[PDB]
Amino acid sequence: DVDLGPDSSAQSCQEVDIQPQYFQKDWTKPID
Ligand SMILES: *[C@@H]1O[C@H](CO)[C@@H](O[C@@H]2O[C@H](CO)[C@@H](O)[C@H](O)[C@H]2NC(C)=O)[C@H](O)[C@H]1NC(C)=O
């Protein structure tokens with residue numbers, strides 16, 4: 001077992017905005 005340093009001292013996790021409709025793009029690179 002190894003040690004991965006000290007734990008995080010943050011009092012709050014980060015805030016995000018999830019919009020999956022903006023990430024749907026038609027870029028196809030199929031395997032050839
Ligand atoms: C950054 O991450 C590395 C990787 O875990 C930390 O290195 C460890 O530090 C602890 C502190 O006691 C040691 O016990 C481990 O042996 C170290 N592991 C390695 C692979 O180096 C490092 O402390 C971290 N730095 C900060 C500032 O969090």
# chains A, B, ... in the order shown; residues from 1 in each chain; ligands from 1
>>> residues_near_ligand(ligand="ligand 1", cutoff="6 Å", atoms="only C-alpha atoms and all ligand atoms", output="JSON, numbers by chain")
{"A": [3, 4, 5, 6]}
>>> select_by_dssp(residues="chain A", states="helix (DSSP H, G or I)", output="MDAnalysis selection string")
chainID A and resid 20:23
>>> write_last_selection(atoms="N, CA, C and O atoms", output="PDB file, in the first residue's frame")
ATOM      1  N   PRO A  20     -26.381  18.204 -22.270  1.00  0.00           N
ATOM      2  CA  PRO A  20     -25.929  17.178 -23.223  1.00  0.00           C
ATOM      3  C   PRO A  20     -26.302  17.466 -24.665  1.00  0.00           C
ATOM      4  O   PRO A  20     -25.691  16.881 -25.568  1.00  0.00           O
ATOM      5  N   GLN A  21     -27.282  18.337 -24.916  1.00  0.00           N
ATOM      6  CA  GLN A  21     -27.687  18.624 -26.289  1.00  0.00           C
ATOM      7  C   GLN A  21     -26.647  19.443 -27.041  1.00  0.00           C
ATOM      8  O   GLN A  21     -26.612  19.392 -28.275  1.00  0.00           O
ATOM      9  N   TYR A  22     -25.801  20.190 -26.332  1.00  0.00           N
ATOM     10  CA  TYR A  22     -24.742  20.952 -26.983  1.00  0.00           C
ATOM     11  C   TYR A  22     -23.563  20.079 -27.388  1.00  0.00           C
ATOM     12  O   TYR A  22     -22.785  20.476 -28.262  1.00  0.00           O
ATOM     13  N   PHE A  23     -23.415  18.906 -26.777  1.00  0.00           N
ATOM     14  CA  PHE A  23     -22.280  18.027 -27.024  1.00  0.00           C
ATOM     15  C   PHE A  23     -22.562  16.961 -28.074  1.00  0.00           C
ATOM     16  O   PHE A  23     -21.688  16.133 -28.342  1.00  0.00           O
TER      17      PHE A  23
END
